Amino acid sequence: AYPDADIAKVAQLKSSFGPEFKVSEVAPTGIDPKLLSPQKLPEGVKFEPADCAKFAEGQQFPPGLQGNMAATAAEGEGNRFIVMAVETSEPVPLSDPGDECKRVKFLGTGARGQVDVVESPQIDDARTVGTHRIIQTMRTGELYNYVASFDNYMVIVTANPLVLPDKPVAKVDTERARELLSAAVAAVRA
């Protein structure tokens, strides 16, 4: 379907960031599901709605998947953006909450937080899902995740405030994150 698709083409998105950004890259290499999924929630935390517990974990990559990943990341204007492109031997099941689970809260001794579905862009022949994770750990850590799924490809944009010692926090540029997702999918596909 996507004959010339190549996760290595995420390198193209370097040119999507101005001189105020520091850009880095991860060359194509075997997948590491731990680097791809949101960080694991602590044990014993309780969920609300309780039936929405799975969606709190965000996009998962099953431990059996084979595949490769490449990434482009940028830090600047008080944000970090990571654009990851993944190709697997079969499609990754997409995490896609219904309205019942568009907000999940959780609470435990080590942690408390919230995972909301947020607007994500329409991308031709792809499914897209956006979330906003706000996590307090023993304190607040925040990020936006945008996922695009097509065939055996998955593209993930993660955007978070830079939290630097003794500096104020900036708001996340979610507009830029969403445009990075569209641009990355178009770059990877052709």
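Residue numbers run from 1 along the displayed sequence.
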Per the record, the count of deposited residues between residue 138 and residue 139 that have no coordinates is 4 to 9
Of 1-9 and 180-188, the stretch with the higher mean C-alpha B-factor in the deposited entry is 1-9
Mean Cα B-factor check, 129-137 vs 37-45, entry values; winner is 37-45
One of 121, 28, 161, 62 has the largest Cα B-factor in the entry, namely 62
One of 100, 75, 87, 116 has the largest Cα B-factor in the entry, namely 100
Chain-relative C-alpha B factor for residue 55 (record values, thirds): the highest
Temperature factor at the Cα of residue 20, chain-ranked in thirds, falls in the middle
Sorting the chain's modelled residues by C-alpha B-factor and splitting them into thirds places residue 111 in the highest
